[PDB]
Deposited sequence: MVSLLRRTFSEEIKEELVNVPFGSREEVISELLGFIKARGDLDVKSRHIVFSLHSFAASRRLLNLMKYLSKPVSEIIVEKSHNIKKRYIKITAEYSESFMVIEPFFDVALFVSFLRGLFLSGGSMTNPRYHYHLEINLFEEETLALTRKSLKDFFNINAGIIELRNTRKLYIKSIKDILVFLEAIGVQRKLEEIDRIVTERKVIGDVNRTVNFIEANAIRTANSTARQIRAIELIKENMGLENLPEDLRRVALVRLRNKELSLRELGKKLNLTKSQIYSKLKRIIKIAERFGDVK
């Protein structure tokens, strides 16, 4: 089951605050996915969500309004719900009020909205044809909940989207999601790693101390060999490595390697051999 539909399942039995909030949520369904025909007295809803379809049926039941037909129009296939038109449906001003607006948002989201699995993306969207509706919705999201949302063009439709995981949680909780807010936080909190600047400094020092102690140990090993047997009496490939280290004592192993067409690991293996040889003569 998609993460999005799991969120929508939580909303199927959210309370019906009042008749006004019920009609406001229905208007959300109507605006997003309703093909309205006042003359023939019907509304055709096209829904890709079963959670959304069940919520729509529960709203119509609350209002005591009959739904006449439920069919699948033959992934791209969708649910067609035909219901009776009532002028009361269109009388509500859904933005005027945070209670009315939250119900409108729930309707918009259930019918035409979706949300990405936050393990992969931060994305919650609402698809809508009308341009005014989307702008007004975006303004009310900001005024009421301080939620910043962008807008996207798709020719067939336009998308309102929220990319802040903070704003997404506020949005979801506002419309009545509960269980899944905990799962989202466990995912968000688990991607995080916080702080210690002193731990960072400690780590950087430790690596620098390792590198310095190694380099000193290389130099010391080369000096002992030079004193006791002569570098000229090393195997040719170790001899060049000993000289390059001794002549370039502040270079990294990578940079020492470049001077002999050797990789860092190659020059490092040779330095280890040189140190092994120098144990003969003294502490290294």
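- In sequence order, the gaps in C-alpha coverage of the deposited chain fall at 1-6, 81-84, 295.
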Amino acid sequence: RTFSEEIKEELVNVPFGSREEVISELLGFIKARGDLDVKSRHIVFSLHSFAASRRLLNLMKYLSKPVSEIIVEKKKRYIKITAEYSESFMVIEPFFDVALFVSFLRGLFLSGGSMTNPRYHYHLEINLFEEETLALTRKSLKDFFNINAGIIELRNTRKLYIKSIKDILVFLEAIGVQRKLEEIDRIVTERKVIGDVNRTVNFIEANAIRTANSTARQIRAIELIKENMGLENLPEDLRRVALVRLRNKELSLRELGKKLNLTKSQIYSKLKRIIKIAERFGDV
From here on, numbers count along this sequence of modelled residues.
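- The stretch with the higher mean CA B factor, choosing between 50-58 and 234-242, is 234-242.
- The mean C-alpha temperature factor is higher for 36-44 when 22-30 and 36-44 are set side by side.
- Among the modelled residues of its chain, residue 87 has a C-alpha B-factor that falls in the middle third, as given in the PDB entry.
- In the deposited entry, the Cα temperature factor of residue 111 sits in the bottom third of values across the chain's modelled residues.
- For residue 95, the recorded CA B-factor ranks within the middle third of the chain. Only modelled residues enter the ranking.
- Sort the modelled residues of the chain by CA B factor and residue 280 lands in the highest third.
- Ranked by C-alpha B-factor against the other modelled residues of its chain, residue 101 falls in the lowest third.
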